[PDB]
Amino acid sequence: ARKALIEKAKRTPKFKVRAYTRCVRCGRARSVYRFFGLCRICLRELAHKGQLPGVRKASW
Amino acid sequence: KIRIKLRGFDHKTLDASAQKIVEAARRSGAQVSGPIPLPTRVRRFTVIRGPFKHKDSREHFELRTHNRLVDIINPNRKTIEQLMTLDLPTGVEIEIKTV
Amino acid sequence: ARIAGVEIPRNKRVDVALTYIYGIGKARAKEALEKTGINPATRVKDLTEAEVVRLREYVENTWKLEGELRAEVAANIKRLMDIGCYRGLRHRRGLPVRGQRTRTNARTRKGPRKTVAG
Amino acid sequence: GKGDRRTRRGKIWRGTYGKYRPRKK
Amino acid sequence: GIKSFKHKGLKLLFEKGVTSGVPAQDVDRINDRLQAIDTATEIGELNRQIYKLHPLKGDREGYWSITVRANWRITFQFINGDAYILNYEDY
Amino acid sequence: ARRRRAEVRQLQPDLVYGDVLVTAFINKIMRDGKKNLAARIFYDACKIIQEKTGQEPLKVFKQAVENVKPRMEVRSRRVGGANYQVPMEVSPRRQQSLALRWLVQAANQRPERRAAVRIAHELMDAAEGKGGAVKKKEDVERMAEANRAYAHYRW
Amino acid sequence: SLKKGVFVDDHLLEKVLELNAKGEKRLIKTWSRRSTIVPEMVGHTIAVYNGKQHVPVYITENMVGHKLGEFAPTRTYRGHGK
Amino acid sequence: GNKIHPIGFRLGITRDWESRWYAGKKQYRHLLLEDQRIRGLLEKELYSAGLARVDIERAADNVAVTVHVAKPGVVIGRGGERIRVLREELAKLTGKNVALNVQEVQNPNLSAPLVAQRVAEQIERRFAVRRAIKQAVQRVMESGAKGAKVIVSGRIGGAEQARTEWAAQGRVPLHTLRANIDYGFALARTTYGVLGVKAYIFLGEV
Amino acid sequence: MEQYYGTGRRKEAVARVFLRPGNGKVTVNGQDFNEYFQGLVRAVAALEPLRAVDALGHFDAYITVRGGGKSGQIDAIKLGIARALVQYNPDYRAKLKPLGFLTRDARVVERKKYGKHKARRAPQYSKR
RNA sequence: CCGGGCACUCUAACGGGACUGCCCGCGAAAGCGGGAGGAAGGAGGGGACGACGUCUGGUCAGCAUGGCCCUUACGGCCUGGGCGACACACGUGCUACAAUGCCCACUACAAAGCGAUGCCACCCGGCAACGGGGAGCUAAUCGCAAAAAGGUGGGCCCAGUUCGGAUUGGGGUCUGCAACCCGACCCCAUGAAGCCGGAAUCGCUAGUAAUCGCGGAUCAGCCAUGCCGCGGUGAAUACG
RNA sequence: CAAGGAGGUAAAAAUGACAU
Ligand SMILES: [Mg+2]
Ligand SMILES: [Mg+2]
Ligand SMILES: [Mg+2]
Ligand SMILES: [Mg+2]
Ligand SMILES: [Mg+2]
Ligand SMILES: [Mg+2]
Ligand SMILES: [Mg+2]
Ligand SMILES: [Mg+2]
Ligand SMILES: [Mg+2]
Ligand SMILES: [Mg+2]
Ligand SMILES: [Mg+2]
Ligand SMILES: [Mg+2]
Ligand SMILES: [Zn+2]
């Protein structure tokens with residue numbers, strides 16, 4: 001259960017509460033940020049890549 | 001009467017592109033209120049540094065969204081003429097409304 | 001003054017003295033003496049006998065309290081005797097009623113620890 | 001009494017409002 | 001007689017024949033060992049050379065360890081003709 | 001390994017008095033970082049001193065501290081798995097700290113009801129040489145007294 | 001705790017009501033506590049699923065807000081060594 | 001070990017972005033997914049070019065895409081194909097201004113992604129890795145570099161035992177901010193597994 | 001009526017101090033320098049630089065304050081009062097330095113750091 | 001609030017600002033001690049940054065991937081159950097045992113952030129949760145929010161007590177197709193254990209520990225007392 | 001000023017782990 005499971009995450013019918021978030025780059029169901037549509041893992045990868053517009057290291 | 005707003009992620013491109021419009025409006029017959037620095041809306045998020053499960057010690061990032069305002073007096077088509085479609089941004093979002 | 005089934009609380013504010021009855025608590029307390037029209041900050045020490053009579057007559061009537069409602073509460077649990085539900089079995093086994101965590105805690109219904117060891 | 005649901009202090013701690021802590025004025 | 005499991009994969013292989021908890025090439029191996037630990041009436045029977053039997057030391061005292069393959073062990077407590085806490089683990 | 005000898009922290013002088021000592025006492029009163037309640041209690045008790053005695057609290061408090069000062073204390077030291085207890089002298093910094101600490105503690109040890117009256121009374125008792133803190137002070141000096149044997153280990 | 005809804009399964013009720021005219025047989029199953037005790041057809045048995053099998057629960061008044069499956073424990077426990 | 005991505009470590013000062021557009025919520029998510037699918041689709045049928053970067057810029061339905069390549073040999077003169085429907089096939093799920101440009105990366109021996117990719121090809125050619133590392137470094141160092149460092153890790157030359165081959169000449173200060181350090185990485189797919197190639201290229205700054 | 005500089009800051013607190021040369025030792029903002037600061041013992045310490053100088057009520061105080069809590073505001077007022085009397089009396093420098101009434105005092109609340117429970121307080125552990 | 005003004009405060013963009021450069025003393029130098037110099041100092045206070053390597057460390061359940069195995073099934077869909085079980089054991093915590101305290105009323109003073117498929121002012125019903133209305137806000141404009149500890153006034157008077165809130169009965173609300181197993185609140189009634197902790201064991205050196213509330217992520221809702229942040233008041237001690 | 005040759009010496013504290 002992983003391939004047929006990233007299917008349902010985009011399928012989204014039948015009751016509105018059965019629909020859930022899901023990382024697009026991966027298939028992660030946990031720690032999925034609504035802002036990017038990505039898991040915390042993928043988000044970190046791309047942020048170091050530079051492929052995340054404006055996204056920058058936080059030092060203060 | 002004409003109010004223009006310029007939002008942006010990069011401050012250096014903003015502080016420069018929203019200064020072009022101060023020069024391109026002043027040298028066309030108008031009084032221009034200079035680069036008004038509206039406060040920034042910092043959008044932070046904190047992610048666990050490892051793909052595994054090391055809760056302590058992570059690493060966070062921020063997405064600073066800058067806002068800059070500029071007002072010009074009379075809406076004459078002399079100043080309008082230049083600021084009409086002579087746009088030079090890198091994706092910088094611009095809002096133009098008069099009230 | 002033998003208000004309901006009790007009499008105990010002497011010199012200690014009627015709004016507080018009332019509390020010392022199974023059925024009164026705190027809300028029904030001031031509610032009873034504002035509806036009876038008596039000063040809450042009084043001595044409780046057998047003050048005006050009339051106020052005490054009115055108080056007694058109102059309180060002891062109106063709503064069920066003391067040994068009578070203890071019987072009703074116990075009977076409401078006896079409801080889930082028969083061939084009752086799941087909530088009854090939790091009253092049977094002696095375990096928490098509201099489905100909480102019983103892996104640890106739940107000592108207020110289970111009682112002190114027994115320790116098995118192995 | 002930070003855990004008593006019948007105080008302005010417990011209602012703060014819980015977050016929610018009510019009779020023992022009205023939504024101001 | 002085997003009486004209790006600690007490893008779920010081991011549990012399933014002996015009970016239902018479910019092999020998806022162990023390595024695929026160690027299916028026959030693990031099986032013959034478990035049957036031996038099941039038939040064993042005393043620890044002395046689990047003494048064939050190919051098992052490399054020995055009791056563990058330290059906090060694992062009271063346990064035993066026959067060898068499946070490589071760095072892999074089946075550990076258990078044998079007592080009165082029965083093994084308990086059948087685990088499959090690193091060496 | 002204390003490369004730096006840790007410089008002595010200095011305080012702010014109080015209101016009305018100018019003490020370089022009273023604020024240190026108010027601090028010991030302070031719990032959870034509420035200097036307001038702390039200072040109030042002391043000044044409250046100062047008002048209480050005026051009643052039971054016609055003395056200015058600036059001396060009553062001063063003398064009390066002076067009476068709850070440990071001349072020498074016992075110190076556990078070397079050889080034998082730290083078996084000895086050499087009676088050592090007490091530095092003016094430490095006499096200072098112990099005096100105020102024992103005062104507040106003994107003050108809250110009293111059976112009274114209000115914090116102010118405990119402070120006031122314990123100060124009056126200590127000014128005389130009667131306080132429970134004075135007990136503590138005299139006790140610590142007994143220990144230091146009984147150890148004069150291997151005191152010559154000193155250091 | 002609903003108030004303006006207070007619902008029962010439509011499919012449970014469909015099967016329950018069309019088998020309620022002038023009498024029936026107690027042979028009636030379900031798959032959802034979700035419902036509610038339902039007055040009428042009190043003298044009935046509803047085989048409720050507990051996750052493993054269908055337990056014949058019996059209705060004899062007394063029950064109401066307790067839907068079904070409260071009369072169908074899903075666990076067993078039974079004892080802890082003792 | 002544990003060291004931060006020398007690209008992300010810069011981002012602000014030194015080494016700018018790679019996808020430069022601004023949007024608020026309700027848009028960022030959609031436009032980032034599209035943006036990444038462009039990078040994903042390009043990488044496939046453009047690897048033979050060996051692309052150092054895939055810069056992307058936007059301005060309301062404008063989507064500019066700059067493809068940096070050592071040798072843009074796969075562009076071939078206007079209507080000679082390799083661009084026409086190729087830069088037009090992007091708008092089969094976009095439909096916006098697919099403005100695709102091509103850049104000429106002068107020296108590939110100073111482009112970290114290209115260096116690592118050349119090395120990762122050689123791993124799959126069944127080359128002697130340690131010698132391949134040494135050469136690639138000197139090759140980078142031969143083309144005027146101020147410092148270089150290549151790293152292959154795991155399963156070297158097949159053989160059951162994960163290793164890590166290491167070579168670096170000149171100066172590579174990762175901790176310094178004014179660094180101008182190019183970082184590249186590549187997956188070498190082998191019949192015995194997968195190994196990763198890091199490549200660090202350094203030039204002066206101030 | 002009049003003006004005399006005013007910029008006192010302490011731990012996220014901003015106070016603009018004026019003072020108007022008049023015998024009426026007055027207040028500002030909400031109510032009195034009392035009233036607004038009543039029950040607060042250390043509140044009256046903000047007027048200590050005036051005691052350090054020869055001001056037994058020679059000025060009419062006017063300090064608008066904002067940000068932080070009372071204590072920081074009070075501290076900031078002290079910095080502002082001093083910043084005024086040092087401005088229109090450049091010779092009153094030789095008392096603001098030995099007494100040290102002139103410092104912004106960079107002592108501010110330190111950041112919550114991850115892992116730790118709060119600033120520096122470590123989350124406490126057992127090996128077993 | 002308007003006229004008008006933008007010098008103050010603030011907002012955010014580049015800069016200036018100490019480099020023990022200056023004085024005394026020590027020294028061969030590096031440097032150390034001390035002093036006016038100023039907001040600041042002898043890395044000013046905190047971040048980001050983690051060498052060669054070590055632990056056959058972690059991680060095939062994020063992802064990629066060699067090999068083994070499964071394929072009318074070790075894959076796929078659904079309803080229901082379960083991850084929430086409880087005779088027990090350990091960790092991290094939250095709330096307390098009270099009077100430098102609790103309750104009620106009044107009245108002040110923050111920062112950092114979030115919101116027009118939402119934040120929801122002001123009215124109206126309601127003891128309340130909340131429901132009806134309904135203005136403003138693409139938001140330094142409108143809203144979330146009154147910060148809380150504090151202060152003023154009053155009441156309890158040291159007793160398991162107006163401490164403490166567990167547990168349980170009853171009545172309700174809101175999200176949700178639906179909250180029995182297992183949701184959060186609200187109101188009435190119950191009011192348990194606990195009167196400060198054995199052997200042991202932890203954190204913190206200055207805005208720090210302690211104490212107080214606030215915001216955000218995930219999120220229909222929420223088991224968050226958690227985690228990541230924000231500011232309020234603000235100790236003690238360091239001989240060694 | 002700078003040391004060589006001489007003498008009193010810690011305690012109470014054991015063990016070892018699972019393919020080379
Ligand atoms: Mg999710
Ligand atoms: Mg933790
Ligand atoms: Mg449960
Ligand atoms: Mg704090
Ligand atoms: Mg460094
Ligand atoms: Mg291992
Ligand atoms: Mg995998
Ligand atoms: Mg779980
Ligand atoms: Mg008891
Ligand atoms: Mg008591
Ligand atoms: Mg330290
Ligand atoms: Mg032995
Ligand atoms: Zn992912």
# chains A, B, ... in the order shown; residues from 1 in each chain; ligands from 1
call {"tool": "residues_around", "arguments": {"residues": "residue 27 of chain B", "least_positions_apart": "4", "cutoff": "12 Å", "atoms": "only C-alpha atoms (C1' of nucleotides)", "output": "short mmCIF file (atom, residue, chain, number, x, y, z; two decimals) with N, CA, C and O atoms, in the first residue's frame"}}
result
data_model
loop_
_atom_site.label_atom_id
_atom_site.label_comp_id
_atom_site.auth_asym_id
_atom_site.auth_seq_id
_atom_site.Cartn_x
_atom_site.Cartn_y
_atom_site.Cartn_z
N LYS B 20 13.03 53.13 -9.32
CA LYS B 20 12.97 53.50 -10.73
C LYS B 20 11.70 54.31 -10.95
O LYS B 20 11.70 55.31 -11.66
N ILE B 21 10.62 53.84 -10.34
CA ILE B 21 9.31 54.47 -10.51
C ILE B 21 9.22 55.81 -9.77
O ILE B 21 8.30 56.60 -10.00
N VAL B 22 10.18 56.07 -8.89
CA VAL B 22 10.26 57.37 -8.22
C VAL B 22 10.96 58.38 -9.13
O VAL B 22 10.67 59.58 -9.09
N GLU B 23 11.87 57.89 -9.97
CA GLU B 23 12.60 58.72 -10.92
C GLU B 23 11.79 58.93 -12.19
O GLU B 23 11.84 59.99 -12.81
N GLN B 31 4.64 65.34 -8.11
CA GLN B 31 5.22 65.15 -6.80
C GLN B 31 5.06 63.69 -6.39
O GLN B 31 3.96 63.14 -6.47
N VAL B 32 6.15 63.07 -5.95
CA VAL B 32 6.13 61.66 -5.61
C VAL B 32 6.57 61.40 -4.17
O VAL B 32 7.68 61.76 -3.77
N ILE B 72 1.82 59.01 -6.21
CA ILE B 72 2.00 60.16 -7.09
C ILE B 72 0.73 61.01 -7.11
O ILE B 72 -0.38 60.49 -7.02
N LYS B 78 0.91 62.31 -18.70
CA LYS B 78 2.30 62.62 -18.96
C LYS B 78 3.17 61.68 -18.13
O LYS B 78 4.14 61.10 -18.62
N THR B 79 2.81 61.55 -16.85
CA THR B 79 3.45 60.61 -15.94
C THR B 79 2.89 59.21 -16.17
O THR B 79 3.63 58.23 -16.13
N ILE B 80 1.58 59.14 -16.40
CA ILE B 80 0.91 57.90 -16.77
C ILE B 80 1.58 57.27 -17.99
O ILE B 80 1.79 56.06 -18.04
N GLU B 81 1.91 58.11 -18.96
CA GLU B 81 2.53 57.68 -20.22
C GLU B 81 3.73 56.77 -20.01
O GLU B 81 3.87 55.75 -20.69
N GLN B 82 4.60 57.14 -19.08
CA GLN B 82 5.81 56.38 -18.82
C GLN B 82 5.54 55.14 -17.96
O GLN B 82 5.98 54.04 -18.29
N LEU B 83 4.79 55.32 -16.88
CA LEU B 83 4.50 54.23 -15.95
C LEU B 83 3.36 53.33 -16.43
O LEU B 83 2.86 52.50 -15.69
#
call {"tool": "residues_near_ligand", "arguments": {"ligand": "ligand 4", "cutoff": "12 Å", "atoms": "only C-alpha atoms (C1' of nucleotides) and all ligand atoms", "output": "ChimeraX atom specification"}}
result
/F:33 /I:108-113,117-121 /J:111,207-214,229-234
call {"tool": "select_by_dssp", "arguments": {"residues": "segment 84-142 of chain F", "states": "strand (DSSP E or B)", "output": "ChimeraX atom specification"}}
result
/F:85-89
call {"tool": "residues_around", "arguments": {"residues": "residue 121 of chain F", "least_positions_apart": "3", "cutoff": "8 Å", "atoms": "only C-alpha atoms (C1' of nucleotides)", "output": "list in words"}}
result
residues 49, 107, 117, 118, 124 and 125 of chain F
call {"tool": "write_last_selection", "arguments": {"atoms": "C-alpha atoms", "output": "short mmCIF file (atom, residue, chain, number, x, y, z; two decimals), in the first residue's frame"}}
result
data_model
loop_
_atom_site.label_atom_id
_atom_site.label_comp_id
_atom_site.auth_asym_id
_atom_site.auth_seq_id
_atom_site.Cartn_x
_atom_site.Cartn_y
_atom_site.Cartn_z
CA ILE F 49 8.54 47.53 63.58
CA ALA F 107 10.93 34.07 59.20
CA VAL F 117 4.58 40.10 60.72
CA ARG F 118 6.92 37.12 60.38
CA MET F 124 13.10 42.11 66.28
CA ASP F 125 13.98 38.75 67.82
#
call {"tool": "select_by_dssp", "arguments": {"residues": "chain A", "states": "helix (DSSP H, G or I)", "output": "PDB file with C-alpha atoms, in the first residue's frame"}}
result
ATOM      1  CA  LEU A   5      -2.475   5.140  -1.683  1.00  0.00           C
ATOM      2  CA  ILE A   6      -1.136   8.237  -3.434  1.00  0.00           C
ATOM      3  CA  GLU A   7      -4.045   7.677  -5.786  1.00  0.00           C
ATOM      4  CA  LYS A   8      -6.718   8.242  -3.135  1.00  0.00           C
ATOM      5  CA  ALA A   9      -4.905  11.344  -1.882  1.00  0.00           C
ATOM      6  CA  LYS A  10      -5.654  13.100  -5.182  1.00  0.00           C
ATOM      7  CA  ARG A  11      -8.886  11.249  -6.009  1.00  0.00           C
ATOM      8  CA  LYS A  16     -15.354  15.787   2.500  1.00  0.00           C
ATOM      9  CA  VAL A  17     -13.555  14.655   5.657  1.00  0.00           C
ATOM     10  CA  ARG A  18     -12.024  11.572   4.038  1.00  0.00           C
ATOM     11  CA  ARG A  40       9.180  18.470   5.678  1.00  0.00           C
ATOM     12  CA  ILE A  41      11.763  16.202   4.063  1.00  0.00           C
ATOM     13  CA  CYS A  42      11.289  17.278   0.441  1.00  0.00           C
ATOM     14  CA  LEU A  43      10.928  20.938   1.457  1.00  0.00           C
ATOM     15  CA  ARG A  44      14.385  20.849   3.068  1.00  0.00           C
ATOM     16  CA  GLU A  45      15.932  19.209  -0.011  1.00  0.00           C
ATOM     17  CA  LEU A  46      14.637  21.816  -2.443  1.00  0.00           C
ATOM     18  CA  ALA A  47      15.377  24.700  -0.055  1.00  0.00           C
ATOM     19  CA  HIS A  48      19.036  23.720  -0.134  1.00  0.00           C
ATOM     20  CA  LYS A  49      18.825  23.272  -3.902  1.00  0.00           C
TER      21      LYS A  49
END
call {"tool": "residues_near_ligand", "arguments": {"ligand": "ligand 10", "cutoff": "12 Å", "atoms": "only C-alpha atoms (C1' of nucleotides) and all ligand atoms", "output": "PyMOL selection string"}}
result
(chain F and resi 111) or (chain J and resi 97-99+101+157-161+163-164+194-196)
call {"tool": "residues_near_ligand", "arguments": {"ligand": "ligand 8", "cutoff": "12 Å", "atoms": "only C-alpha atoms (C1' of nucleotides) and all ligand atoms", "output": "MDAnalysis selection string"}}
result
(chainID C and resid 101 103) or (chainID J and resid 82:85)
call {"tool": "write_last_selection", "arguments": {"atoms": "C-alpha atoms (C1' of nucleotides)", "output": "PDB file, in the first residue's frame"}}
result
ATOM      1  CA  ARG C 101      -6.061   5.637  28.962  1.00  0.00           C
ATOM      2  CA  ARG C 103      -2.353   1.418  30.347  1.00  0.00           C
TER       3      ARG C 103
ATOM      4  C1'   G J  82      -7.995  -2.223  16.001  1.00  0.00           C
ATOM      5  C1'   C J  83      -3.564   1.334  16.744  1.00  0.00           C
ATOM      6  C1'   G J  84      -7.121   4.155  22.569  1.00  0.00           C
ATOM      7  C1'   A J  85      -6.808  -2.683  25.072  1.00  0.00           C
TER       8        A J  85
END
call {"tool": "interface_residues", "arguments": {"of": "chain C", "to": "chain G", "cutoff": "8 Å", "atoms": "only C-alpha atoms", "output": "PyMOL selection string"}}
result
chain C and resi 79+84-87
call {"tool": "residues_around", "arguments": {"residues": "segment 14-16 of chain K", "least_positions_apart": "5", "cutoff": "12 Å", "atoms": "only C-alpha atoms (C1' of nucleotides)", "output": "list in words"}}
result
residues 56, 57, 58 and 59 of chain E
call {"tool": "residues_near_ligand", "arguments": {"ligand": "ligand 5", "cutoff": "8 Å", "atoms": "only C-alpha atoms (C1' of nucleotides) and all ligand atoms", "output": "PyMOL selection string"}}
result
(chain H and resi 175-176) or (chain J and resi 49)
call {"tool": "residues_around", "arguments": {"residues": "residue 96 of chain H", "least_positions_apart": "4", "cutoff": "10 Å", "atoms": "only C-alpha atoms (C1' of nucleotides)", "output": "list in words"}}
result
residues 60, 61, 62, 63, 64, 90, 91 and 92 of chain H
call {"tool": "write_last_selection", "arguments": {"atoms": "N, CA, C and O atoms", "output": "mmCIF file, in the first residue's frame"}}
result
data_model
loop_
_atom_site.group_PDB
_atom_site.id
_atom_site.type_symbol
_atom_site.label_atom_id
_atom_site.label_comp_id
_atom_site.auth_asym_id
_atom_site.auth_seq_id
_atom_site.Cartn_x
_atom_site.Cartn_y
_atom_site.Cartn_z
ATOM 1 N N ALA H 60 3.238 36.543 -14.299
ATOM 2 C CA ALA H 60 1.853 36.347 -14.734
ATOM 3 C C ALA H 60 1.762 35.814 -16.165
ATOM 4 O O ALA H 60 1.721 36.592 -17.118
ATOM 5 N N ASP H 61 1.734 34.487 -16.295
ATOM 6 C CA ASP H 61 1.641 33.795 -17.587
ATOM 7 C C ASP H 61 2.851 34.007 -18.493
ATOM 8 O O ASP H 61 2.743 33.886 -19.714
ATOM 9 N N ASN H 62 4.001 34.306 -17.900
ATOM 10 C CA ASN H 62 5.192 34.618 -18.684
ATOM 11 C C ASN H 62 6.246 33.512 -18.726
ATOM 12 O O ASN H 62 6.922 33.348 -19.739
ATOM 13 N N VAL H 63 6.369 32.771 -17.623
ATOM 14 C CA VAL H 63 7.276 31.615 -17.486
ATOM 15 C C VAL H 63 8.503 31.560 -18.412
ATOM 16 O O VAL H 63 8.476 30.924 -19.466
ATOM 17 N N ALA H 64 9.572 32.237 -18.010
ATOM 18 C CA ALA H 64 10.831 32.171 -18.742
ATOM 19 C C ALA H 64 11.668 31.024 -18.196
ATOM 20 O O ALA H 64 11.723 30.816 -16.986
ATOM 21 N N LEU H 90 6.193 21.739 -23.537
ATOM 22 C CA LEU H 90 6.015 22.199 -22.160
ATOM 23 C C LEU H 90 4.570 22.641 -21.932
ATOM 24 O O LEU H 90 3.953 22.305 -20.916
ATOM 25 N N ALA H 91 4.036 23.393 -22.888
ATOM 26 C CA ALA H 91 2.666 23.882 -22.806
ATOM 27 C C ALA H 91 1.653 22.822 -23.235
ATOM 28 O O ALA H 91 0.817 23.066 -24.103
ATOM 29 N N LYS H 92 1.744 21.640 -22.631
ATOM 30 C CA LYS H 92 0.729 20.605 -22.804
ATOM 31 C C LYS H 92 0.046 20.394 -21.457
ATOM 32 O O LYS H 92 -0.954 19.684 -21.343
#
call {"tool": "interface_residues", "arguments": {"of": "chain B", "to": "chain H", "cutoff": "7 Å", "atoms": "only C-alpha atoms", "output": "PyMOL selection string"}}
result
chain B and resi 8-9+91-93
call {"tool": "residues_around", "arguments": {"residues": "residue 2 of chain E", "least_positions_apart": "2", "cutoff": "8 Å", "atoms": "only C-alpha atoms (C1' of nucleotides)", "output": "ChimeraX atom specification"}}
result
/E:4,37-38,82-84,86
call {"tool": "atom_distance", "arguments": {"atom1": "atom CA of residue 32 of chain H", "atom2": "atom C1' of residue 228 of chain J"}}
result
25.2 Å
call {"tool": "residues_around", "arguments": {"residues": "residue 37 of chain J", "least_positions_apart": "3", "cutoff": "12 Å", "atoms": "only C-alpha atoms (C1' of nucleotides)", "output": "PyMOL selection string"}}
result
(chain I and resi 97) or (chain J and resi 18+20-23+40-41)
call {"tool": "write_last_selection", "arguments": {"atoms": "N, CA and C atoms (P, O5', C5', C4', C3', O3' and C1' of nucleotides)", "output": "PDB file, in the first residue's frame"}}
result
ATOM      1  N   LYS I  97      27.819  59.957  33.655  1.00  0.00           N
ATOM      2  CA  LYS I  97      28.829  58.931  33.419  1.00  0.00           C
ATOM      3  C   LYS I  97      29.297  58.235  34.708  1.00  0.00           C
TER       4      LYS I  97
ATOM      5  P     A J  18      35.556  53.002  14.893  1.00  0.00           P
ATOM      6  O5'   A J  18      35.465  51.484  14.403  1.00  0.00           O
ATOM      7  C5'   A J  18      35.037  50.441  15.268  1.00  0.00           C
ATOM      8  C4'   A J  18      36.145  49.996  16.182  1.00  0.00           C
ATOM      9  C3'   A J  18      35.967  48.642  16.842  1.00  0.00           C
ATOM     10  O3'   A J  18      36.348  47.601  15.959  1.00  0.00           O
ATOM     11  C1'   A J  18      36.832  50.247  18.392  1.00  0.00           C
ATOM     12  P     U J  20      41.777  44.174  18.541  1.00  0.00           P
ATOM     13  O5'   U J  20      42.658  45.202  19.380  1.00  0.00           O
ATOM     14  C5'   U J  20      42.819  45.054  20.782  1.00  0.00           C
ATOM     15  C4'   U J  20      42.658  46.377  21.490  1.00  0.00           C
ATOM     16  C3'   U J  20      43.917  47.210  21.672  1.00  0.00           C
ATOM     17  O3'   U J  20      44.254  47.942  20.500  1.00  0.00           O
ATOM     18  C1'   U J  20      42.593  47.232  23.661  1.00  0.00           C
ATOM     19  P     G J  21      45.449  47.468  19.530  1.00  0.00           P
ATOM     20  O5'   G J  21      45.717  48.731  18.595  1.00  0.00           O
ATOM     21  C5'   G J  21      46.139  49.971  19.145  1.00  0.00           C
ATOM     22  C4'   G J  21      45.613  51.138  18.347  1.00  0.00           C
ATOM     23  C3'   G J  21      45.777  52.508  18.987  1.00  0.00           C
ATOM     24  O3'   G J  21      47.068  53.055  18.806  1.00  0.00           O
ATOM     25  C1'   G J  21      43.567  52.277  18.209  1.00  0.00           C
ATOM     26  P     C J  22      47.796  53.808  20.023  1.00  0.00           P
ATOM     27  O5'   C J  22      46.693  54.813  20.585  1.00  0.00           O
ATOM     28  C5'   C J  22      46.874  56.220  20.500  1.00  0.00           C
ATOM     29  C4'   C J  22      46.366  56.921  21.738  1.00  0.00           C
ATOM     30  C3'   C J  22      47.084  56.579  23.037  1.00  0.00           C
ATOM     31  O3'   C J  22      48.265  57.347  23.212  1.00  0.00           O
ATOM     32  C1'   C J  22      44.731  56.494  23.363  1.00  0.00           C
ATOM     33  P     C J  23      49.422  56.857  24.215  1.00  0.00           P
ATOM     34  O5'   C J  23      48.803  57.072  25.664  1.00  0.00           O
ATOM     35  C5'   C J  23      48.721  58.363  26.246  1.00  0.00           C
ATOM     36  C4'   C J  23      48.435  58.266  27.722  1.00  0.00           C
ATOM     37  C3'   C J  23      49.317  57.298  28.495  1.00  0.00           C
ATOM     38  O3'   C J  23      50.572  57.854  28.847  1.00  0.00           O
ATOM     39  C1'   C J  23      47.058  56.910  29.056  1.00  0.00           C
ATOM     40  P     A J  40      28.724  52.905  27.516  1.00  0.00           P
ATOM     41  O5'   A J  40      29.176  51.498  26.919  1.00  0.00           O
ATOM     42  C5'   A J  40      28.345  50.350  27.016  1.00  0.00           C
ATOM     43  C4'   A J  40      28.567  49.426  25.847  1.00  0.00           C
ATOM     44  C3'   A J  40      30.000  48.955  25.642  1.00  0.00           C
ATOM     45  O3'   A J  40      30.342  47.851  26.460  1.00  0.00           O
ATOM     46  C1'   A J  40      29.140  49.748  23.594  1.00  0.00           C
ATOM     47  P     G J  41      31.056  48.091  27.878  1.00  0.00           P
ATOM     48  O5'   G J  41      31.783  46.706  28.181  1.00  0.00           O
ATOM     49  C5'   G J  41      33.152  46.512  27.866  1.00  0.00           C
ATOM     50  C4'   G J  41      33.350  46.217  26.401  1.00  0.00           C
ATOM     51  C3'   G J  41      34.701  45.628  26.023  1.00  0.00           C
ATOM     52  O3'   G J  41      34.738  44.221  26.204  1.00  0.00           O
ATOM     53  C1'   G J  41      34.148  47.400  24.542  1.00  0.00           C
TER      54        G J  41
END
call {"tool": "residues_near_ligand", "arguments": {"ligand": "ligand 2", "cutoff": "10 Å", "atoms": "only C-alpha atoms (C1' of nucleotides) and all ligand atoms", "output": "VMD selection string"}}
result
(chain B and resid 54 to 57) or (chain I and resid 114 to 117 122 to 125) or (chain J and resid 92 226 to 227)
call {"tool": "residues_near_ligand", "arguments": {"ligand": "ligand 7", "cutoff": "10 Å", "atoms": "only C-alpha atoms (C1' of nucleotides) and all ligand atoms", "output": "ChimeraX atom specification"}}
result
/J:60-65
call {"tool": "closest_atom_pairs", "arguments": {"of": "chain H", "to": "chain A", "cutoff": "6 Å", "atoms": "only C-alpha atoms", "output": "CSV"}}
result
residue,atom,partner,partner_atom,distance
H:5,CA,A:48,CA,5.9
H:8,CA,A:48,CA,3.9
H:17,CA,A:50,CA,5.1
H:18,CA,A:51,CA,5.3
H:19,CA,A:51,CA,5.3
H:20,CA,A:53,CA,5.4
H:29,CA,A:36,CA,4.8
